[PDB]
């Protein structure tokens, strides 16, 4: 119902959210139990921007002041522009810096979602901004006066939103920068999630390793993704989460909509993996915090499967883990949230014949009345004849992480409450499932 965009400062995770009108504030130690702390801004004209800690008092509000740079409509023309708000009480409440934007609209329709970072090497702030099909970069010494430095022009991935810019140390010991943004590659058969480019950033401009982006999710439902620092350490791992939008699938003329607008994804951890050469990829996995939700565990012996094998289990909300291996089959995977008559299920698996991983929601409750968005697909090498799955199943979502999680699929899916079976499957050949474990979870969401 309420999208969260977390940030770590002063010993806790925080997020702020609009509530109709006013800006509210929630806090968390574990990214499980969020506690609302009240109103941070009594009157505010989804919210768009970033919150930073000005540790060295560059902005003049004091060492450790909390500063938000936010997109709002201009008083004159309603055009998107960037305004500064500051807190001198540790992020409890914020006041506006003057009445003028710190970065005004240059007469354009798309000018939003400032992502502000401190560039220690260049000794300055940098802002990445969504500007239609390009990401704009702006520099500042003091958060108040900004200067354009460059633009990063995207190609064939629609309108860009919610850019991200961060530095990570890969497992080979090389630092890379990553430029990310939400985007919409559906016209080219690519995802509508979070596109990213590993590369280099010099304080002024971003140079990608390759022109074509990688995607942090290949599911249908992982939009407006955000990454944030790990507070209990910063270069080795980050956290991320995104929005899974149900209302945006509405495709009727009347404008009424159900009560379910969407849901946050689970929080994932992301690491930067060297894949050989100058090739790097982000790898995703559910946060480890999630294991404190484990109610019980079912473990299975090695299972050979040809066609079908039905598990003797009831599972509704859970983490499934398994290793699978095979030889010459066409496809392999899991029928999750399976009805007793076997007609309803959620399918997660590998197409060896097609060279892709998939999640198919065409046999369960699903949000698209046109039945266009049924089976998400991500590249999978057809020569690789083993895979590890980690799958989080909940009442309205399935989130599948393949191997180390370079490819992940996040999808809305709406199984019936009593559809709780699991059947393993193959097509045109035998597979072996090993180390199959089901961790039954309490649902937070």
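Residue numbers count along the first chain shown, from 1.
A chain break between residue 20 and residue 21 is present, corresponding to 4 to 9 residues of the deposited sequence without coordinates. Unmodelled residues of the deposited sequence between residue 233 and residue 234: 1 to 3. Stretches 119-127 and 163-171 differ in mean CA B factor, with 119-127 having the higher one. With 56-64 and 383-391 compared on mean CA B-factor from the PDB entry, the stretch scoring higher is 56-64. Taking only the listed residues 364, 308, 214, 259, the entry reports the highest CA temperature factor at 259. As recorded in the entry, 73 carries the highest CA temperature factor of 180, 132, 286, 73. Annotation for residue 348: CA B-factor lies in the lowest third of the chain's modelled residues. Residue 274: CA B factor in the middle third of modelled residues in this chain (values from the PDB entry).
When the modelled residues of the chain are ordered by their C-alpha B factor, residue 293 lands in the highest third. Per the deposited record, the Cα B-factor of residue 82 falls in the middle third when ranked against the other modelled residues of its chain. Sort the modelled residues of the chain by CA B factor and residue 421 lands in the middle third.
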